[PDB]
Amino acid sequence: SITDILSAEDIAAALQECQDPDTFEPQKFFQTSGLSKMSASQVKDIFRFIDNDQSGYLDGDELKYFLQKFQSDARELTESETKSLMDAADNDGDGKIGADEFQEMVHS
């Protein structure tokens, strides 16, 4: 589980940092949560928990509910914040985030 990989305190800190709407920034979240320090294998396990429909890609509602995978009572991302996530990750113009793209974004 995500819980088996990141510390609960770092997750709590990351959510605290982006409590107000339109303050989520991918890079800050990945740093505060500790995701940017994890190995490729650990980042892939997190990717699998976020990919709710097991399509192999993050898209649609999975972006809006991104924080909710870390704590089920977290807020939804705004449309602007979901666009920031896609802008940060997409490199092949398909409008979805593959596992490779996720790894590259997290480690940036």
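Just count from 1 along the sequence shown to find any residue number.
A.B. asks: Highest mean C-alpha temperature factor of the two stretches 72 to 80 and 56 to 64, which is it?
C.D. replies: According to the PDB entry, the answer is 56 to 64.
A.B. asks: Using only C-alpha atoms and the B-factors in the entry, which stretch averages higher, 99 to 107 or 1 to 9?
C.D. replies: Of 1 to 9 and 99 to 107, the stretch with the higher C-alpha B-factor average is 1 to 9.
A.B. asks: Considering only modelled residues of the same chain, in which third does the CA B-factor of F49 rank: lowest, middle or highest?
C.D. replies: Tercile = highest for this residue's CA B-factor.
A.B. asks: When the modelled residues of the chain are sorted by Cα temperature factor, does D92 land in the lowest, middle or highest third?
C.D. replies: According to the entry, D92 has a C-alpha B-factor in the chain's middle third.
A.B. asks: Tell me, lowest, middle or highest third: where does the Cα B factor of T32 rank within its chain?
C.D. replies: Middle third of the chain for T32's C-alpha B-factor.
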